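A.B. asks: Okay, here's the structure, questions in a sec.
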Amino acid sequence: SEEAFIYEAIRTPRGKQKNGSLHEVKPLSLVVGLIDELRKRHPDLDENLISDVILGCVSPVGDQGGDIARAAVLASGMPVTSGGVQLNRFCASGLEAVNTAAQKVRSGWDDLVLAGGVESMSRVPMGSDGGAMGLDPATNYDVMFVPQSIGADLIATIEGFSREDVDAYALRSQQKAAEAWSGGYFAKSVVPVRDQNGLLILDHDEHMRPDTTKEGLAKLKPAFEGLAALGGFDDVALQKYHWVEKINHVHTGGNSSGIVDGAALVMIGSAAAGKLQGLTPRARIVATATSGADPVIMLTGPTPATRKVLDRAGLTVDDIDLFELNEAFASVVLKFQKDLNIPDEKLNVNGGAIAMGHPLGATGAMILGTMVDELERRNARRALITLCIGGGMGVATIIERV
Amino acid sequence: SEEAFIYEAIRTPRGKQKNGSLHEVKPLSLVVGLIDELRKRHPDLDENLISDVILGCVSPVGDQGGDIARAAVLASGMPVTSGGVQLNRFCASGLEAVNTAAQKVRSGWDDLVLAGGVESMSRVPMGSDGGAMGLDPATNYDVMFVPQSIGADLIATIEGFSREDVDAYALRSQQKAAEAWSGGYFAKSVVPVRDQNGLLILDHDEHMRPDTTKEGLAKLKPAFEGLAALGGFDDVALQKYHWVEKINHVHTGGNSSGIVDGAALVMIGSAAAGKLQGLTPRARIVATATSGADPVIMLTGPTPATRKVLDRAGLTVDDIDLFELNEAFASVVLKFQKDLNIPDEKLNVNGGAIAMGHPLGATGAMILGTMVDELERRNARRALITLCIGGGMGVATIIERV
Amino acid sequence: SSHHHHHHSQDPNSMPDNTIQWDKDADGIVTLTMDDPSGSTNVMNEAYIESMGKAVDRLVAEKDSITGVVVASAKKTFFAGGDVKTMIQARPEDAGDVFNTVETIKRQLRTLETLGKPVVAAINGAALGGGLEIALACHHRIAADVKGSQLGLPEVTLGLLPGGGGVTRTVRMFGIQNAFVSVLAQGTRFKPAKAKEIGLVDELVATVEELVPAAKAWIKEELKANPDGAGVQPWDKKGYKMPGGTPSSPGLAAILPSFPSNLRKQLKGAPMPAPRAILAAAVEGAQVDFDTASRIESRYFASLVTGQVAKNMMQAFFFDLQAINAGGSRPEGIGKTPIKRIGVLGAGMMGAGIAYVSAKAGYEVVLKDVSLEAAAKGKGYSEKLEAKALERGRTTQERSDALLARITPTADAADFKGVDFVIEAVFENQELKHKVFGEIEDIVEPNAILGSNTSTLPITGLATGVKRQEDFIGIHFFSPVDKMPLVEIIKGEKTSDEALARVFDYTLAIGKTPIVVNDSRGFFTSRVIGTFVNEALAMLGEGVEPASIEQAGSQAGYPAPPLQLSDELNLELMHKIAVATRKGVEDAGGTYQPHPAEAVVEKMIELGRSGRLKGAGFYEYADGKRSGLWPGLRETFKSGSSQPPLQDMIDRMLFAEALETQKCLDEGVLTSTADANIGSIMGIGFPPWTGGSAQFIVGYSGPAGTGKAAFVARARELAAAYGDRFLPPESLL
Ligand SMILES: O=S(=O)(O)c1ccc(-c2ccccc2)cc1
Ligand SMILES: O=S(=O)(O)c1ccc(-c2ccccc2)cc1
Ligand SMILES: O=S(=O)(O)c1ccc(-c2ccccc2)cc1
Ligand SMILES: O=S(=O)(O)c1ccc(-c2ccccc2)cc1
Ligand SMILES: O=S(=O)(O)c1ccc(-c2ccccc2)cc1
Ligand SMILES: O=S(=O)(O)c1ccc(-c2ccccc2)cc1
Ligand SMILES: O=S(=O)(O)c1ccc(-c2ccccc2)cc1
Ligand SMILES: O=S(=O)(O)c1ccc(-c2ccccc2)cc1
């Protein structure tokens, strides 16, 4: 029954896709910077006690190929025994890294593990790595491949979320992200990015539009660029959800997650490993779970995964103080809130990826660290973190403040 | 806490790189074929109890991009809740997938997991994914990047292994592989690849050269196929190992691992999961470990990892009946044997990658299942499986026959 | 956004002068003529940046009436270099200002380049560094094939990189590999003909008067023939494809990991950061758009300018070298004395090399030896060098035959008639040189310079064998003379100031760099290089692996490892010097403190391995080439029993020479640190990244700190661990 604790949880600011501040910064550099910040916080940490470095990364090609986790271990000059493994479970990679790190600590065969993710989407765009489910016609034709936005629009159609409904959520996310930054909530967790000369590159989340109005959101066109712009995917979706006549395309760039660059790091160890290194535990990993739902609608995996992690930890919704669901698309959060009857004042209380962006491999570890701080800032007890995943998967984690 | 058991461990035959029988076979199809073999062996198994599918893959790009583990779940019609994650810890990805699946079961938050790997090196060559440690000159210039072959030659130079020494091991691997195939040892674990029509594609390890002779190996020229032919790496290695004057290039295509295509699957679960699904445990995961050594010599990671997995299991070399180390290079095995005084009759007793090939992401799960089958055949008790890895890493596992 | 340094009000008396003249013809072609009134050379300084800012602003404001632009110069050169006096002062805290300055420079060139109109560079003379970068921003380059004109990006030779777009644009034009190897990594300078061949220049003209007209002619034709693509660089067109591919190209991605390893192999692991930074900027920039790539280039530039190595190299290869070439050590108030006929005594590797560089500079040389057979084989040294230069195309069959024709081999002393400059290169023996000079001093002219190429023997003693000691002087060359750039001029106690100037002027004529050294035991070069090899031989005696010793020498930045160099110096001559030094000490009434290397020398003498000249030293010599380290070396000295850290080995060699240089400065052997720095770099091969063995002290950088105080701390560290010879002199305390 080895218990797993979170000792540090940090992240870079999120640079935007068009004329972004992080476009000149290699993703490896984003991870090394966060390793150097952990050193600044614990200069007498025995890095030899760090036994693995697990990084989530959805497009491990180019700047992100070749086991970027191992590259961060070597480029930062960490001990060669610290390992380094990249994993890809689509949008949950960051949280799957953290959960895998927790499970390794619980097993008793790893003591102190670094976990997180990195995604420089302006340099390595989504889909760069290819893949059978999209690029092999036999498999594409069978699994009924459909981009996520179309599943999200379909969720809005089936559930009755209007264009104004998803826009009302987008506005709320912008307002709560602005309030959290202005309130200093992110001061100690967002680590500014600097060049080799020490000059500043980025110290805030560029994608935010804190002057968002409900009238400007209504002026936006449903204009996804890429696979969604090509034809057929609407018909493929309705061939499965055949009781639906037409898909209402409610999602735009203003109520969908932002394409951004970023990285996040989380330090996880046992009580003995933390006490041996003068570390103060911040939170405890209570339970993790994985489940999933149909891959055509895709983004409904959170509800069985959240259900499973609650029954695994012996808890219910009323036992949870904060719910943090990644804002991939507004309809997914509204669907999740409706199904579990999540009170509004507990849901994504500091804003989410609609305002600040969704750096695929890293997002799960960013919103994980976001709840560690918000539990401490409110002196709240429990937080539940979950993300939808491409292909119909879901990951959930429950943390407890210590 | 929870003990983790191996219930099934199967693999495809390894098709060779040039005019190979598996070149026409998508790497996704190699995995799905193994999933279908598991169904054939256990028709009434409730696949909903399978919570994750963890595939190692070193070049997750192209036919192997887009989370091939999730593609395998959907394409094979497995339950959509079974997840699917790809990971890359270079050469140990296959065994790291099994070790991660074992650690997931020990934590108590997973019941039944499929683990293994896939690598179609004739379709997705090593290096296709890029990477910083090779293609970013700032990182490369500082970590002193060197390809694996030169580390192996450097090991032979230091430890004093001659060209006849490493060729003598290569002949031993070819002999023991041919003896294992002729004796029927691989009859029930190598699953022949068949096409959409059931026609045979491959049913043996076609990289084997059983008529190998000492004279034939002596005629081979040192390695010159990839990064090794390009200049500089010899000087870079000697800038690190400044007491060595000249590197003795003893490794050739005949005493190095073969570039091949293959896949492997391992079913790992708790005692309750097997009792519920009517599965008989074949072996038990006693301990896993990870360590490392210098990244320039690179391939000497197995010695500390084996020492740590023995200490963790409270065992010594004398308590291990079978040693299975991957035959990346002959000098790596000879160094491992010399440093721990491993008896010759306990080391890679059924041949290795020199004879049968080293399908990067799948190798760890192939040589693991090889030991499960040999412990049963010999009625022996304990086996130790370990692989050197690129960058200076190392992974070891101890299994006990059940 | 802005093309100017400041966007706030400054002191009006701080406004820089105007360096760019504006002229617009009736056809709408604007000619920008750079004419900095503060010097003879257009240089990239505060005045240029403000001047180009105003001009580029006016180009944009008047874009309706402007059809094309011509960038010309009014000086003898086109545009040469940057403001080194300002760059060398950039502290690490000034990295923000450095970044902003080069960003502003490139913002001007980017606007010029994307004007929608053709821009032509009329390159009339040298276009070096920032000058070529200005030209590369133009759409077409025309150079005037004229004597002295050079083109290139030599920023790496001062520890910098081309921060005004030179990296980004050459990579966009030639691709990563060719730009780095051919242009960037070594800062190669090209004559206009070669510049056109590789693509640095597009056209040539015979004289400068044709340039501006040819430029306007090309603007007229380009607008007529290619109106859609006029004023559009290849990289600003849809469908641009980088030559050799981008990093994501499968072909270039295959060989790309070998680029840093081949660099480490070329640099031998020396700590020279500039080439690494150029390679990083080159590759990283080829992954992103032009503007992003340009900003990455600025960050690496600021990383080098604020670093210590660039300061060491700017101090040595700019300031120190200019002071030497300006006659800092040449005595004042001395006139010129042209040289008619040179007489070289000795046809060995030294004397044959002296004859080659003397005849290459246009002098008639009489090459005398003991026999005509030997003197003929001496001229064969020049024949073999010319033959190897003809098959490479660096000289004409006409100029080569005229070179060899100036070398007259002889064995007769009477053929030294009419010689006004003697350079003796015979064996190291005092009474021999006394004899050899006595047999020619009457045959040569009365005002002839009597020079001796010696490595060890004092000049004042050698002068007692001639009548006119006022004209006897030491002219120390370095083997191989055709490739070694220093001449150590040694002033004996009776040597006149006129003789110093004539050899000084001779050294510049043959294309070499002179230093002036007072007569002393070992002078400067020999004495200092001795502390280098002796430090390595002592390491061998202590039991350090020979391979580690040679790596430490190579990774310190020396051109040759110390054991290899010892074989070429001949251990027997090292012993003779040690015996000489002990003799002078023990006869003056004192006690001699032997260097621990003297025991290693004697052990090699006893084993019959005195160096390369007798076929065996620390290395095995087969087929005239060198063939690995002697395998018996490890058992003779118990190699491996002592395993000091590599940096200690490196530092012991560097510090031994730095400390010895300070002694030479204290004793008066040298009169200026400029001579000490260039003398160590060009004479004995002290690593260029240090800026010289004197700059090494004031610019030292280690894990303990920076500067003279950190040098002393580290010297005291080495002294406590390896011997009192590493204790610093009082001059440093
Ligand atoms: O998260 S994405 O990588 O954008 C992703 C997008 C789409 C899918 C998918 C959709 C339908 C059937 C099977 C797979 C999987 C992943
Ligand atoms: O197993 S490979 O992917 O071929 C691989 C090869 C080489 C390296 C590496 C070597 C030295 C310094 C840093 C990295 C890492 C992995
Ligand atoms: O306030 S102004 O008179 O407009 C003014 C503006 C700028 C400058 C200046 C520009 C470059 C280098 C140094 C000084 C000088 C005066
Ligand atoms: O490396 S160069 O591009 O040749 C370069 C050289 C010099 C300068 C500069 C120096 C001082 C004041 C203003 C500019 C800037 C760039
Ligand atoms: O802060 S200052 O010392 O005034 C300073 C500022 C800038 C520079 C510089 C500018 C361009 C290229 C290289 C150096 C040099 C010195
Ligand atoms: O004139 S002597 O005193 O015989 C004498 C002359 C020169 C040297 C010497 C030579 C090279 C390097 C260091 C010292 C030593 C002694
Ligand atoms: O100028 S050289 O002839 O190259 C030369 C330079 C230095 C030495 C030497 C001086 C003292 C101790 C050992 C060797 C000998 C010869
Ligand atoms: O590039 S130069 O500055 O002309 C230069 C040329 C040559 C040398 C040198 C080479 C070998 C042994 C000692 C010195 C040093 C500097």
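Chain labels follow the order of the structure tokens: the first chain is A, the next B, and so on; residue numbering restarts at 1 in every chain, and ligands are counted from 1 in their shown order.
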Please identify all residues of chain B having at least one atom at most 12 Å from any atom of chain C, considering only C-alpha atoms, and return them as a PyMOL selection string.
C.D. replies: chain B and resi 125-147+225-246
A.B. asks: Counting only C-alpha atoms, which residues of chain B come no farther than 7 Å from chain A, as an MDAnalysis selection string?
C.D. replies: chainID B and resid 1 60:67 71 74:75 80:89 103:104 106:107 109 129:133 139 143 288:289 291:294 392:393
A.B. asks: Can I get the residues of chain C within 10 Å of ligand 4, each with the closest pair of atoms and their distance in Å to one decimal, using only C-alpha atoms and all ligand atoms, sorted chain first then ascending number, as a Markdown table?
C.D. replies:
| residue | atom | partner | partner_atom_place_in_ligand_line | distance |
| --- | --- | --- | --- | --- |
| C:5 | CA | ligand 4 | 13 (C) | 9.5 |
| C:43 | CA | ligand 4 | 7 (C) | 7.8 |
| C:44 | CA | ligand 4 | 7 (C) | 5.2 |
| C:45 | CA | ligand 4 | 13 (C) | 4.2 |
| C:46 | CA | ligand 4 | 13 (C) | 5.0 |
| C:47 | CA | ligand 4 | 13 (C) | 8.3 |
| C:48 | CA | ligand 4 | 13 (C) | 8.1 |
| C:49 | CA | ligand 4 | 13 (C) | 7.1 |
| C:50 | CA | ligand 4 | 13 (C) | 9.9 |
| C:80 | CA | ligand 4 | 4 (O) | 8.6 |
| C:81 | CA | ligand 4 | 4 (O) | 5.5 |
| C:82 | CA | ligand 4 | 7 (C) | 3.5 |
| C:83 | CA | ligand 4 | 10 (C) | 4.4 |
| C:84 | CA | ligand 4 | 10 (C) | 6.4 |
| C:85 | CA | ligand 4 | 11 (C) | 7.7 |
| C:86 | CA | ligand 4 | 11 (C) | 5.0 |
| C:87 | CA | ligand 4 | 10 (C) | 5.3 |
| C:88 | CA | ligand 4 | 10 (C) | 9.0 |
| C:89 | CA | ligand 4 | 11 (C) | 9.6 |
| C:90 | CA | ligand 4 | 11 (C) | 9.3 |
| C:97 | CA | ligand 4 | 12 (C) | 9.8 |
| C:98 | CA | ligand 4 | 15 (C) | 8.0 |
| C:99 | CA | ligand 4 | 15 (C) | 9.5 |
| C:100 | CA | ligand 4 | 13 (C) | 10.0 |
| C:101 | CA | ligand 4 | 14 (C) | 6.3 |
| C:102 | CA | ligand 4 | 15 (C) | 5.6 |
| C:103 | CA | ligand 4 | 15 (C) | 9.4 |
| C:104 | CA | ligand 4 | 14 (C) | 9.5 |
| C:105 | CA | ligand 4 | 15 (C) | 7.4 |
| C:106 | CA | ligand 4 | 3 (O) | 8.9 |
| C:128 | CA | ligand 4 | 4 (O) | 8.2 |
| C:129 | CA | ligand 4 | 4 (O) | 4.8 |
| C:130 | CA | ligand 4 | 4 (O) | 3.9 |
| C:131 | CA | ligand 4 | 4 (O) | 7.6 |
| C:132 | CA | ligand 4 | 4 (O) | 8.9 |
| C:133 | CA | ligand 4 | 3 (O) | 7.1 |
| C:134 | CA | ligand 4 | 3 (O) | 9.2 |
| C:153 | CA | ligand 4 | 4 (O) | 7.9 |
| C:154 | CA | ligand 4 | 4 (O) | 8.5 |
| C:155 | CA | ligand 4 | 1 (O) | 6.1 |
| C:156 | CA | ligand 4 | 1 (O) | 9.1 |
| C:158 | CA | ligand 4 | 1 (O) | 9.6 |
| C:159 | CA | ligand 4 | 1 (O) | 9.9 |
| C:160 | CA | ligand 4 | 1 (O) | 6.5 |
| C:161 | CA | ligand 4 | 1 (O) | 5.8 |
| C:162 | CA | ligand 4 | 1 (O) | 4.6 |
| C:163 | CA | ligand 4 | 3 (O) | 4.1 |
| C:164 | CA | ligand 4 | 3 (O) | 3.9 |
| C:165 | CA | ligand 4 | 3 (O) | 7.2 |
| C:166 | CA | ligand 4 | 3 (O) | 7.3 |
| C:167 | CA | ligand 4 | 3 (O) | 9.7 |
| C:298 | CA | ligand 4 | 3 (O) | 9.3 |
| C:301 | CA | ligand 4 | 1 (O) | 7.4 |
| C:302 | CA | ligand 4 | 1 (O) | 9.6 |
| C:305 | CA | ligand 4 | 1 (O) | 8.8 |
A.B. asks: Show me which residues sit within 10 Å of ligand 7 when counting only C-alpha atoms and all ligand atoms, and put them as a ChimeraX atom specification.
C.D. replies: /C:428,453-456,476-479,521-534,565-566,568-578,581,595,597-598,601,683-684
A.B. asks: Can I get the selection written as a short mmCIF file (atom, residue, chain, number, x, y, z; two decimals), in the first residue's frame, with N, CA and C atoms?
C.D. replies:
data_model
loop_
_atom_site.label_atom_id
_atom_site.label_comp_id
_atom_site.auth_asym_id
_atom_site.auth_seq_id
_atom_site.Cartn_x
_atom_site.Cartn_y
_atom_site.Cartn_z
N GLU C 428 72.71 24.01 -35.41
CA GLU C 428 72.76 24.72 -34.13
C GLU C 428 74.12 24.46 -33.48
N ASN C 453 68.98 32.25 -38.27
CA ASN C 453 67.81 31.50 -37.82
C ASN C 453 68.28 30.49 -36.79
N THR C 454 68.11 30.82 -35.52
CA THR C 454 68.51 29.94 -34.43
C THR C 454 67.35 29.80 -33.46
N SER C 455 67.28 28.63 -32.82
CA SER C 455 66.25 28.37 -31.83
C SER C 455 66.73 28.51 -30.40
N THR C 456 68.02 28.33 -30.16
CA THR C 456 68.53 28.23 -28.80
C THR C 456 69.73 29.14 -28.54
N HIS C 476 64.27 34.34 -36.47
CA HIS C 476 63.83 32.98 -36.13
C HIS C 476 62.56 32.64 -36.91
N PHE C 477 62.67 31.68 -37.82
CA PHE C 477 61.54 31.13 -38.56
C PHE C 477 61.06 29.83 -37.91
N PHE C 478 59.93 29.33 -38.40
CA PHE C 478 59.29 28.16 -37.83
C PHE C 478 58.91 27.18 -38.93
N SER C 479 59.19 25.90 -38.70
CA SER C 479 58.97 24.86 -39.70
C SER C 479 57.54 24.34 -39.64
N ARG C 521 67.97 33.54 -22.98
CA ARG C 521 68.08 32.10 -23.14
C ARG C 521 66.71 31.54 -23.51
N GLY C 522 66.59 31.00 -24.72
CA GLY C 522 65.33 30.50 -25.22
C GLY C 522 64.44 31.55 -25.85
N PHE C 523 64.84 32.82 -25.81
CA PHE C 523 64.06 33.96 -26.30
C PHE C 523 62.65 33.82 -25.73
N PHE C 524 61.61 33.90 -26.55
CA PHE C 524 60.24 33.74 -26.11
C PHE C 524 59.63 32.42 -26.56
N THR C 525 59.65 32.14 -27.86
CA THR C 525 58.96 30.96 -28.37
C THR C 525 59.58 29.68 -27.82
N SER C 526 60.89 29.51 -27.99
CA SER C 526 61.54 28.27 -27.57
C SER C 526 61.39 28.04 -26.07
N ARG C 527 61.60 29.09 -25.27
CA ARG C 527 61.49 28.97 -23.82
C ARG C 527 60.08 28.56 -23.41
N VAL C 528 59.06 29.18 -24.00
CA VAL C 528 57.69 28.90 -23.59
C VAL C 528 57.23 27.54 -24.09
N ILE C 529 57.57 27.18 -25.33
CA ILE C 529 57.14 25.88 -25.82
C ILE C 529 57.83 24.76 -25.05
N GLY C 530 59.00 25.03 -24.48
CA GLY C 530 59.66 24.03 -23.65
C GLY C 530 58.88 23.69 -22.40
N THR C 531 58.29 24.70 -21.75
CA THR C 531 57.46 24.42 -20.58
C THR C 531 56.22 23.61 -20.95
N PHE C 532 55.82 23.64 -22.22
CA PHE C 532 54.65 22.88 -22.65
C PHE C 532 54.98 21.39 -22.75
N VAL C 533 56.04 21.04 -23.49
CA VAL C 533 56.37 19.62 -23.65
C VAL C 533 56.86 19.04 -22.33
N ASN C 534 57.65 19.81 -21.57
CA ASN C 534 58.13 19.31 -20.29
C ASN C 534 56.99 19.01 -19.33
N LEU C 565 54.81 16.42 -30.71
CA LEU C 565 55.67 17.57 -30.91
C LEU C 565 57.07 17.35 -30.33
N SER C 566 57.19 16.55 -29.27
CA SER C 566 58.50 16.31 -28.68
C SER C 566 59.42 15.57 -29.64
N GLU C 568 59.44 15.78 -32.83
CA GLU C 568 59.92 16.73 -33.83
C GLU C 568 60.96 17.68 -33.27
N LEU C 569 60.90 17.98 -31.97
CA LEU C 569 61.91 18.85 -31.37
C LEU C 569 63.21 18.12 -31.07
N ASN C 570 63.19 16.78 -31.07
CA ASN C 570 64.34 15.91 -30.84
C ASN C 570 64.77 15.93 -29.37
N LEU C 571 64.54 14.81 -28.67
CA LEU C 571 64.83 14.74 -27.24
C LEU C 571 66.30 15.02 -26.94
N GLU C 572 67.20 14.77 -27.89
CA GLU C 572 68.61 15.04 -27.66
C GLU C 572 68.88 16.53 -27.55
N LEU C 573 68.18 17.35 -28.34
CA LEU C 573 68.34 18.80 -28.20
C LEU C 573 67.73 19.30 -26.90
N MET C 574 66.63 18.68 -26.46
CA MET C 574 66.07 19.00 -25.16
C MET C 574 67.07 18.71 -24.05
N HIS C 575 67.76 17.57 -24.13
CA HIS C 575 68.77 17.25 -23.13
C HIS C 575 69.93 18.23 -23.18
N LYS C 576 70.41 18.55 -24.38
CA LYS C 576 71.50 19.51 -24.52
C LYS C 576 71.15 20.84 -23.88
N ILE C 577 69.90 21.27 -24.01
CA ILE C 577 69.46 22.52 -23.39
C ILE C 577 69.46 22.39 -21.87
N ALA C 578 68.95 21.27 -21.35
CA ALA C 578 68.96 21.05 -19.91
C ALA C 578 70.38 21.05 -19.37
N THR C 581 71.58 24.67 -19.35
CA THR C 581 71.00 25.45 -18.26
C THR C 581 71.65 25.10 -16.92
N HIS C 595 63.85 20.04 -13.88
CA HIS C 595 62.45 19.78 -14.18
C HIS C 595 62.20 18.28 -14.20
N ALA C 597 60.71 16.48 -16.05
CA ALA C 597 60.71 15.89 -17.38
C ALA C 597 62.10 15.44 -17.81
N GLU C 598 63.16 16.01 -17.22
CA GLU C 598 64.52 15.66 -17.62
C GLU C 598 64.82 14.19 -17.40
N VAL C 601 63.18 12.38 -20.41
CA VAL C 601 64.02 12.55 -21.59
C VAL C 601 65.17 11.54 -21.57
N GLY C 683 53.36 31.58 -33.21
CA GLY C 683 54.69 31.03 -33.16
C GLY C 683 54.76 29.59 -32.68
N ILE C 684 54.14 29.31 -31.53
CA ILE C 684 54.21 28.00 -30.91
C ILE C 684 52.87 27.29 -30.86
#
A.B. asks: Report, in Å with one decimal, the straight-line distance from CA of residue 314 (chain B) to CA of residue 379 (chain B).
C.D. replies: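 Computed distance, CA of residue 314 (chain B) to CA of residue 379 (chain B), equals 21.8 Å.
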A.B. asks: Within 9 Å of ligand 3, which residues show up when you count only C-alpha atoms and all ligand atoms? List them as a VMD selection string, please.
C.D. replies: chain C and resid 4 to 16 46 to 47 49 to 50
A.B. asks: Save out the residues we just selected, C-alpha atoms, as a compact mmCIF listing (two decimals), in the first residue's frame.
C.D. replies:
# COMPACT_ATOMS: atom_id res chain seq x y z
CA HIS C 4 16.07 52.98 -35.42
CA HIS C 5 17.93 52.24 -32.21
CA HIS C 6 16.00 54.74 -30.05
CA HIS C 7 12.30 55.56 -30.05
CA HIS C 8 12.59 58.15 -27.24
CA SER C 9 14.23 61.56 -27.03
CA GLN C 10 18.01 61.48 -26.56
CA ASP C 11 20.69 64.16 -26.38
CA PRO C 12 20.79 66.06 -29.71
CA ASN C 13 24.59 66.23 -29.40
CA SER C 14 24.60 62.40 -29.38
CA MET C 15 22.99 62.15 -32.84
CA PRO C 16 25.40 60.16 -35.06
CA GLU C 46 26.01 53.50 -34.58
CA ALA C 47 26.29 55.99 -37.44
CA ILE C 49 22.49 52.08 -38.28
CA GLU C 50 20.95 55.52 -37.94
A.B. asks: For the structure I just gave you, how does DSSP split region 180-398 of chain B - specifically, which residues are alpha helix (DSSP H)? Reply as a PyMOL selection string.
C.D. replies: chain B and resi 180-182+214-218+233-240+271-277+302-313+330-340+353-356+360-378
A.B. asks: May I have all residues of region 39-110 of chain B that DSSP, computed from the backbone, assigns to strand (DSSP E), given as a compact mmCIF listing (two decimals) with C-alpha atoms, in the first residue's frame?
C.D. replies:
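Heads up, here's the output in part-v5.txt:
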# COMPACT_ATOMS: atom_id res chain seq x y z
CA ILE B 50 -9.02 -5.89 -20.30
CA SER B 51 -8.33 -2.36 -19.11
CA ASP B 52 -5.31 -1.36 -21.21
CA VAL B 53 -3.14 -2.33 -24.20
CA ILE B 54 0.46 -1.10 -23.92
CA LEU B 55 2.59 -1.42 -27.05
CA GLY B 56 6.24 -0.48 -27.26
CA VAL B 85 -1.08 3.48 -25.25
CA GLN B 86 2.20 3.58 -27.19
CA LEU B 87 5.51 4.06 -25.40
CA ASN B 88 9.13 4.43 -26.50
A.B. asks: Out of A:179, A:119, A:8, A:24, which residue has the shortest atom-to-atom distance to residue 41 (chain A) when counting only C-alpha atoms?
C.D. replies: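 Nearest to residue 41 (chain A): A:8.
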A.B. asks: Atom 2 (S, counted along the ligand's line) of ligand 1 and CA of residue 259 (chain A) are how many Å apart?
C.D. replies: 12.8 Å
A.B. asks: When the cut-off is 10 Å and you count only C-alpha atoms and all ligand atoms, which residues lie near ligand 8, shown as a PyMOL selection string?
C.D. replies: chain C and resi 157+316-317+321+478-480+483-486+512-513+558-560+565+678-688
A.B. asks: Tell me, in Å to one decimal, how far CA of residue 57 (chain C) is from CA of residue 226 (chain C).
C.D. replies: 26.0 Å
A.B. asks: Using only C-alpha atoms, which protein or nucleic acid residues come within 9 Å of region 165-173 of chain B? Drop anything in the same chain fewer than 5 positions from it, and give the result as a list in words.
C.D. replies: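 Using only C-alpha atoms, the neighbours found are residues 156, 178, 210, 212, 213, 214, 217, 218, 250, 251, 252, 254, 255, 256, 327, 329, 330, 331, 333, 334, 348, 349, 350, 351, 352, 353, 354, 355 and 356 of chain B.
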A.B. asks: Using only C-alpha atoms, determine which residues lie at most 9 Å from residue 253 (chain B), disregarding the query and same-chain residues fewer than 4 positions distant; provide the list as a VMD selection string.
C.D. replies: chain B and resid 217 220 to 223 257 to 258 354
A.B. asks: Mind checking which residues fall within 12 Å of region 18-22 of chain B, counting only C-alpha atoms, ignoring those fewer than 5 positions away in the same chain, and posting them as JSON, numbers by chain?
C.D. replies: {"B": [12, 13, 27, 28, 29, 30, 119, 120, 121, 122, 123, 192, 193, 194, 195, 200, 201, 202, 203, 204, 205, 206, 207, 258, 259, 260, 261, 262, 263, 359]}
